[PDB]
file model19.pdb (PDB, C-alpha atoms)
ATOM      1  CA  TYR J   1      77.121 -57.214 132.962  1.00  0.00           C
ATOM      2  CA  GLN J   2      77.289 -59.411 129.862  1.00  0.00           C
ATOM      3  CA  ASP J   3      79.195 -62.702 129.960  1.00  0.00           C
ATOM      4  CA  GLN J   4      82.115 -60.496 130.994  1.00  0.00           C
ATOM      5  CA  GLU J   5      80.572 -60.171 134.456  1.00  0.00           C
ATOM      6  CA  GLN J   6      79.129 -63.691 134.504  1.00  0.00           C
ATOM      7  CA  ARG J   7      82.688 -64.938 134.014  1.00  0.00           C
ATOM      8  CA  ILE J   8      84.527 -62.919 136.659  1.00  0.00           C
ATOM      9  CA  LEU J   9      81.677 -63.672 139.062  1.00  0.00           C
ATOM     10  CA  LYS J  10      81.846 -67.422 138.446  1.00  0.00           C
ATOM     11  CA  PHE J  11      85.629 -67.189 138.770  1.00  0.00           C
ATOM     12  CA  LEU J  12      85.729 -65.997 142.380  1.00  0.00           C
ATOM     13  CA  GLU J  13      82.834 -68.307 143.242  1.00  0.00           C
ATOM     14  CA  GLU J  14      84.699 -71.158 141.549  1.00  0.00           C
ATOM     15  CA  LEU J  15      87.454 -70.899 144.161  1.00  0.00           C
ATOM     16  CA  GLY J  16      85.535 -69.515 147.125  1.00  0.00           C
ATOM     17  CA  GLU J  17      82.712 -67.015 147.563  1.00  0.00           C
ATOM     18  CA  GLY J  18      83.690 -64.133 149.824  1.00  0.00           C
ATOM     19  CA  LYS J  19      87.424 -64.566 149.286  1.00  0.00           C
ATOM     20  CA  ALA J  20      90.225 -62.967 147.273  1.00  0.00           C
ATOM     21  CA  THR J  21      92.203 -64.024 144.201  1.00  0.00           C
ATOM     22  CA  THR J  22      95.413 -63.378 142.267  1.00  0.00           C
ATOM     23  CA  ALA J  23      96.141 -62.226 138.717  1.00  0.00           C
ATOM     24  CA  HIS J  24      97.933 -65.472 137.866  1.00  0.00           C
ATOM     25  CA  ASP J  25      94.646 -67.219 138.650  1.00  0.00           C
ATOM     26  CA  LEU J  26      92.515 -64.692 136.766  1.00  0.00           C
ATOM     27  CA  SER J  27      94.436 -64.487 133.490  1.00  0.00           C
ATOM     28  CA  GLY J  28      94.979 -68.221 133.861  1.00  0.00           C
ATOM     29  CA  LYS J  29      91.348 -69.307 134.069  1.00  0.00           C
ATOM     30  CA  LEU J  30      89.706 -66.391 132.258  1.00  0.00           C
ATOM     31  CA  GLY J  31      92.544 -66.610 129.752  1.00  0.00           C
ATOM     32  CA  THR J  32      92.516 -62.819 129.565  1.00  0.00           C
ATOM     33  CA  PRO J  33      95.502 -60.426 129.514  1.00  0.00           C
ATOM     34  CA  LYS J  34      96.821 -58.876 132.726  1.00  0.00           C
ATOM     35  CA  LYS J  35      96.085 -55.481 131.177  1.00  0.00           C
ATOM     36  CA  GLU J  36      92.385 -56.342 131.000  1.00  0.00           C
ATOM     37  CA  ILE J  37      91.879 -57.830 134.463  1.00  0.00           C
ATOM     38  CA  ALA J  38      93.883 -54.917 135.863  1.00  0.00           C
ATOM     39  CA  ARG J  39      91.607 -52.474 134.044  1.00  0.00           C
ATOM     40  CA  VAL J  40      88.209 -53.872 135.033  1.00  0.00           C
ATOM     41  CA  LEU J  41      89.526 -54.189 138.587  1.00  0.00           C
ATOM     42  CA  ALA J  42      90.332 -50.479 138.817  1.00  0.00           C
ATOM     43  CA  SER J  43      87.214 -49.569 136.838  1.00  0.00           C
ATOM     44  CA  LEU J  44      84.858 -51.559 139.063  1.00  0.00           C
ATOM     45  CA  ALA J  45      86.503 -50.310 142.257  1.00  0.00           C
ATOM     46  CA  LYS J  46      85.357 -46.856 141.150  1.00  0.00           C
ATOM     47  CA  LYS J  47      82.000 -47.629 142.763  1.00  0.00           C
ATOM     48  CA  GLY J  48      83.675 -49.134 145.815  1.00  0.00           C
ATOM     49  CA  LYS J  49      82.611 -52.720 145.162  1.00  0.00           C
ATOM     50  CA  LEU J  50      86.042 -53.910 144.028  1.00  0.00           C
ATOM     51  CA  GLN J  51      89.345 -53.984 145.911  1.00  0.00           C
ATOM     52  CA  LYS J  52      93.021 -54.636 145.180  1.00  0.00           C
ATOM     53  CA  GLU J  53      95.379 -55.672 147.979  1.00  0.00           C
ATOM     54  CA  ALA J  54      98.473 -53.703 146.970  1.00  0.00           C
ATOM     55  CA  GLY J  55     100.879 -54.672 149.737  1.00  0.00           C
ATOM     56  CA  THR J  56     102.761 -57.607 151.237  1.00  0.00           C
ATOM     57  CA  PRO J  57     100.301 -60.287 150.049  1.00  0.00           C
ATOM     58  CA  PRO J  58     100.349 -60.302 146.222  1.00  0.00           C
ATOM     59  CA  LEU J  59      96.630 -60.464 145.440  1.00  0.00           C
ATOM     60  CA  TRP J  60      93.420 -58.469 145.018  1.00  0.00           C
ATOM     61  CA  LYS J  61      90.485 -57.961 147.383  1.00  0.00           C
ATOM     62  CA  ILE J  62      86.682 -57.996 147.421  1.00  0.00           C
ATOM     63  CA  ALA J  63      84.301 -55.189 148.370  1.00  0.00           C
TER      64      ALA J  63
END

call {"tool": "encode", "arguments": {"input": "model19.pdb", "output": "structure tokens"}}
result
Amino acid sequence: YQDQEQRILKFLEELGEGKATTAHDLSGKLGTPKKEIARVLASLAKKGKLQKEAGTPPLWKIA
């Protein structure tokens, strides 16, 4: 998608392609609100391409 996607994509690849990340890192770099990152995360996962590790390890996942 527009820059919106180009950003999130470059974010994960900026730390490590094929890995996971945390909100503190997302809202920190992207400078976006936790409400936004949390929305797109659940919205993208709708297709099954996104993932969110909701357990012991506080962080999301990749699909």

call {"tool": "resolve_selection", "arguments": {"input": "model19.pdb", "expression": "the PyMOL selection byres ((chain J and resi 15-25) around 8)", "output": "list in words"}}
result
residues 11, 12, 13, 14, 26, 27, 28, 29, 34, 37, 58, 59, 60, 61 and 62 of chain J

call {"tool": "atom_distance", "arguments": {"input": "model19.pdb", "atom1": "CA of residue 36 in chain J", "atom2": "CA of residue 10 in chain J"}}
result
17.0 Å

call {"tool": "atom_distance", "arguments": {"input": "model19.pdb", "atom1": "CA of residue 1 in chain J", "atom2": "CA of residue 52 in chain J"}}
result
20.2 Å

call {"tool": "atom_distance", "arguments": {"input": "model19.pdb", "atom1": "CA of residue 4 in chain J", "atom2": "CA of residue 30 in chain J"}}
result
9.7 Å

call {"tool": "axis_aligned_box", "arguments": {"input": "model19.pdb", "around": "range 45-62 of chain J", "padding_each_side": "3 Å", "output": "AutoDock Vina command-line options"}}
result
--center_x 92.4 --center_y -53.7 --center_z 146.2 --size_x 26.8 --size_y 19.6 --size_z 16.1

call {"tool": "decode", "arguments": {"input": "model19.pdb", "residues": "range 10-55 of chain J", "atoms": "N, CA and C atoms", "output": "PDB file, in the first residue's frame"}}
result
ATOM      1  N   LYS J  10       9.629  -1.403   5.642  1.00  0.00           N
ATOM      2  CA  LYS J  10      11.013  -0.998   5.859  1.00  0.00           C
ATOM      3  C   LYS J  10      11.373  -1.062   7.340  1.00  0.00           C
ATOM      4  N   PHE J  11      10.356  -1.023   8.194  1.00  0.00           N
ATOM      5  CA  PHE J  11      10.565  -1.078   9.636  1.00  0.00           C
ATOM      6  C   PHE J  11      11.091  -2.446  10.058  1.00  0.00           C
ATOM      7  N   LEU J  12      10.343  -3.491   9.716  1.00  0.00           N
ATOM      8  CA  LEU J  12      10.733  -4.854  10.060  1.00  0.00           C
ATOM      9  C   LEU J  12      12.049  -5.231   9.388  1.00  0.00           C
ATOM     10  N   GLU J  13      12.236  -4.761   8.159  1.00  0.00           N
ATOM     11  CA  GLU J  13      13.453  -5.048   7.410  1.00  0.00           C
ATOM     12  C   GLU J  13      14.623  -4.220   7.934  1.00  0.00           C
ATOM     13  N   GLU J  14      14.307  -3.164   8.677  1.00  0.00           N
ATOM     14  CA  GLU J  14      15.331  -2.290   9.238  1.00  0.00           C
ATOM     15  C   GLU J  14      15.960  -2.917  10.479  1.00  0.00           C
ATOM     16  N   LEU J  15      15.277  -3.903  11.047  1.00  0.00           N
ATOM     17  CA  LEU J  15      15.767  -4.585  12.240  1.00  0.00           C
ATOM     18  C   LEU J  15      16.139  -6.031  11.926  1.00  0.00           C
ATOM     19  N   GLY J  16      15.440  -6.621  10.961  1.00  0.00           N
ATOM     20  CA  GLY J  16      15.712  -7.994  10.580  1.00  0.00           C
ATOM     21  C   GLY J  16      14.570  -8.618   9.803  1.00  0.00           C
ATOM     22  N   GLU J  17      14.821  -8.934   8.537  1.00  0.00           N
ATOM     23  CA  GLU J  17      13.803  -9.538   7.684  1.00  0.00           C
ATOM     24  C   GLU J  17      13.509 -10.971   8.119  1.00  0.00           C
ATOM     25  N   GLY J  18      12.230 -11.271   8.322  1.00  0.00           N
ATOM     26  CA  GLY J  18      11.838 -12.605   8.738  1.00  0.00           C
ATOM     27  C   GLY J  18      11.813 -12.757  10.247  1.00  0.00           C
ATOM     28  N   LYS J  19      11.738 -11.634  10.952  1.00  0.00           N
ATOM     29  CA  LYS J  19      11.707 -11.646  12.410  1.00  0.00           C
ATOM     30  C   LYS J  19      10.473 -10.922  12.934  1.00  0.00           C
ATOM     31  N   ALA J  20      10.376 -10.807  14.255  1.00  0.00           N
ATOM     32  CA  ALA J  20       9.246 -10.133  14.882  1.00  0.00           C
ATOM     33  C   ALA J  20       9.658  -8.776  15.444  1.00  0.00           C
ATOM     34  N   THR J  21       8.692  -8.052  15.999  1.00  0.00           N
ATOM     35  CA  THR J  21       8.954  -6.738  16.572  1.00  0.00           C
ATOM     36  C   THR J  21       7.973  -6.421  17.694  1.00  0.00           C
ATOM     37  N   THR J  22       8.231  -5.330  18.410  1.00  0.00           N
ATOM     38  CA  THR J  22       7.370  -4.918  19.512  1.00  0.00           C
ATOM     39  C   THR J  22       6.742  -3.556  19.238  1.00  0.00           C
ATOM     40  N   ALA J  23       5.661  -3.255  19.949  1.00  0.00           N
ATOM     41  CA  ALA J  23       4.968  -1.984  19.784  1.00  0.00           C
ATOM     42  C   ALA J  23       5.885  -0.812  20.113  1.00  0.00           C
ATOM     43  N   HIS J  24       6.603  -0.921  21.226  1.00  0.00           N
ATOM     44  CA  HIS J  24       7.519   0.131  21.653  1.00  0.00           C
ATOM     45  C   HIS J  24       8.470   0.514  20.523  1.00  0.00           C
ATOM     46  N   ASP J  25       8.820  -0.463  19.694  1.00  0.00           N
ATOM     47  CA  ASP J  25       9.723  -0.228  18.574  1.00  0.00           C
ATOM     48  C   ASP J  25       8.972   0.364  17.386  1.00  0.00           C
ATOM     49  N   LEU J  26       7.725  -0.058  17.211  1.00  0.00           N
ATOM     50  CA  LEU J  26       6.898   0.430  16.112  1.00  0.00           C
ATOM     51  C   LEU J  26       6.544   1.901  16.308  1.00  0.00           C
ATOM     52  N   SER J  27       5.776   2.185  17.355  1.00  0.00           N
ATOM     53  CA  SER J  27       5.364   3.551  17.653  1.00  0.00           C
ATOM     54  C   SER J  27       6.579   4.453  17.853  1.00  0.00           C
ATOM     55  N   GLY J  28       7.703   3.847  18.223  1.00  0.00           N
ATOM     56  CA  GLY J  28       8.919   4.608  18.442  1.00  0.00           C
ATOM     57  C   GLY J  28       9.539   5.096  17.147  1.00  0.00           C
ATOM     58  N   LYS J  29       9.745   4.177  16.210  1.00  0.00           N
ATOM     59  CA  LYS J  29      10.336   4.517  14.921  1.00  0.00           C
ATOM     60  C   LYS J  29       9.306   5.175  14.008  1.00  0.00           C
ATOM     61  N   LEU J  30       8.193   4.486  13.786  1.00  0.00           N
ATOM     62  CA  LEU J  30       7.129   5.005  12.932  1.00  0.00           C
ATOM     63  C   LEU J  30       6.531   6.279  13.521  1.00  0.00           C
ATOM     64  N   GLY J  31       6.707   6.460  14.827  1.00  0.00           N
ATOM     65  CA  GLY J  31       6.181   7.640  15.489  1.00  0.00           C
ATOM     66  C   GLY J  31       4.666   7.679  15.484  1.00  0.00           C
ATOM     67  N   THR J  32       4.045   6.525  15.259  1.00  0.00           N
ATOM     68  CA  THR J  32       2.591   6.433  15.227  1.00  0.00           C
ATOM     69  C   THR J  32       2.040   5.963  16.568  1.00  0.00           C
ATOM     70  N   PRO J  33       0.749   6.240  16.807  1.00  0.00           N
ATOM     71  CA  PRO J  33       0.074   5.852  18.050  1.00  0.00           C
ATOM     72  C   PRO J  33      -0.128   4.345  18.154  1.00  0.00           C
ATOM     73  N   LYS J  34      -0.155   3.840  19.383  1.00  0.00           N
ATOM     74  CA  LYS J  34      -0.344   2.414  19.621  1.00  0.00           C
ATOM     75  C   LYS J  34      -1.697   1.949  19.092  1.00  0.00           C
ATOM     76  N   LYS J  35      -2.649   2.873  19.022  1.00  0.00           N
ATOM     77  CA  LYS J  35      -3.985   2.558  18.532  1.00  0.00           C
ATOM     78  C   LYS J  35      -3.964   2.279  17.033  1.00  0.00           C
ATOM     79  N   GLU J  36      -3.034   2.919  16.329  1.00  0.00           N
ATOM     80  CA  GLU J  36      -2.908   2.737  14.888  1.00  0.00           C
ATOM     81  C   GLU J  36      -2.221   1.414  14.564  1.00  0.00           C
ATOM     82  N   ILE J  37      -1.008   1.243  15.079  1.00  0.00           N
ATOM     83  CA  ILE J  37      -0.245   0.022  14.845  1.00  0.00           C
ATOM     84  C   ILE J  37      -1.040  -1.211  15.261  1.00  0.00           C
ATOM     85  N   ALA J  38      -1.824  -1.072  16.325  1.00  0.00           N
ATOM     86  CA  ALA J  38      -2.639  -2.174  16.823  1.00  0.00           C
ATOM     87  C   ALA J  38      -3.817  -2.448  15.894  1.00  0.00           C
ATOM     88  N   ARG J  39      -4.233  -1.426  15.155  1.00  0.00           N
ATOM     89  CA  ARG J  39      -5.350  -1.557  14.228  1.00  0.00           C
ATOM     90  C   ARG J  39      -4.911  -2.247  12.940  1.00  0.00           C
ATOM     91  N   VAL J  40      -3.902  -1.681  12.286  1.00  0.00           N
ATOM     92  CA  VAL J  40      -3.386  -2.242  11.042  1.00  0.00           C
ATOM     93  C   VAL J  40      -2.922  -3.680  11.239  1.00  0.00           C
ATOM     94  N   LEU J  41      -2.425  -3.978  12.435  1.00  0.00           N
ATOM     95  CA  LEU J  41      -1.947  -5.318  12.752  1.00  0.00           C
ATOM     96  C   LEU J  41      -3.092  -6.325  12.729  1.00  0.00           C
ATOM     97  N   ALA J  42      -4.218  -5.948  13.325  1.00  0.00           N
ATOM     98  CA  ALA J  42      -5.388  -6.815  13.369  1.00  0.00           C
ATOM     99  C   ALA J  42      -6.134  -6.798  12.039  1.00  0.00           C
ATOM    100  N   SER J  43      -5.990  -5.704  11.299  1.00  0.00           N
ATOM    101  CA  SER J  43      -6.654  -5.561  10.008  1.00  0.00           C
ATOM    102  C   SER J  43      -5.932  -6.368   8.934  1.00  0.00           C
ATOM    103  N   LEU J  44      -4.605  -6.362   8.990  1.00  0.00           N
ATOM    104  CA  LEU J  44      -3.794  -7.093   8.023  1.00  0.00           C
ATOM    105  C   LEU J  44      -3.864  -8.596   8.278  1.00  0.00           C
ATOM    106  N   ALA J  45      -3.897  -8.973   9.552  1.00  0.00           N
ATOM    107  CA  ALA J  45      -3.969 -10.378   9.931  1.00  0.00           C
ATOM    108  C   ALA J  45      -5.236 -11.030   9.387  1.00  0.00           C
ATOM    109  N   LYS J  46      -6.209 -10.204   9.017  1.00  0.00           N
ATOM    110  CA  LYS J  46      -7.470 -10.699   8.480  1.00  0.00           C
ATOM    111  C   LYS J  46      -7.229 -11.651   7.313  1.00  0.00           C
ATOM    112  N   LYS J  47      -6.208 -11.355   6.516  1.00  0.00           N
ATOM    113  CA  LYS J  47      -5.869 -12.186   5.366  1.00  0.00           C
ATOM    114  C   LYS J  47      -5.017 -13.378   5.790  1.00  0.00           C
ATOM    115  N   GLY J  48      -4.374 -13.260   6.947  1.00  0.00           N
ATOM    116  CA  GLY J  48      -3.536 -14.337   7.444  1.00  0.00           C
ATOM    117  C   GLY J  48      -2.064 -14.102   7.166  1.00  0.00           C
ATOM    118  N   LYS J  49      -1.720 -12.868   6.814  1.00  0.00           N
ATOM    119  CA  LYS J  49      -0.337 -12.514   6.520  1.00  0.00           C
ATOM    120  C   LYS J  49       0.340 -11.898   7.741  1.00  0.00           C
ATOM    121  N   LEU J  50      -0.468 -11.370   8.654  1.00  0.00           N
ATOM    122  CA  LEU J  50       0.052 -10.751   9.868  1.00  0.00           C
ATOM    123  C   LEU J  50      -0.165 -11.655  11.077  1.00  0.00           C
ATOM    124  N   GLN J  51       0.599 -11.413  12.137  1.00  0.00           N
ATOM    125  CA  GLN J  51       0.488 -12.205  13.355  1.00  0.00           C
ATOM    126  C   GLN J  51       0.846 -11.371  14.581  1.00  0.00           C
ATOM    127  N   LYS J  52       0.243 -11.709  15.717  1.00  0.00           N
ATOM    128  CA  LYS J  52       0.497 -10.992  16.961  1.00  0.00           C
ATOM    129  C   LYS J  52       0.685 -11.966  18.120  1.00  0.00           C
ATOM    130  N   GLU J  53       1.930 -12.122  18.561  1.00  0.00           N
ATOM    131  CA  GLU J  53       2.242 -13.023  19.663  1.00  0.00           C
ATOM    132  C   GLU J  53       1.650 -12.506  20.971  1.00  0.00           C
ATOM    133  N   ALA J  54       0.444 -12.967  21.290  1.00  0.00           N
ATOM    134  CA  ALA J  54      -0.232 -12.553  22.514  1.00  0.00           C
ATOM    135  C   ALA J  54      -0.048 -13.588  23.620  1.00  0.00           C
ATOM    136  N   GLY J  55       1.151 -13.627  24.193  1.00  0.00           N
ATOM    137  CA  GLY J  55       1.434 -14.574  25.256  1.00  0.00           C
ATOM    138  C   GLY J  55       2.566 -14.117  26.155  1.00  0.00           C
TER     139      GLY J  55
END
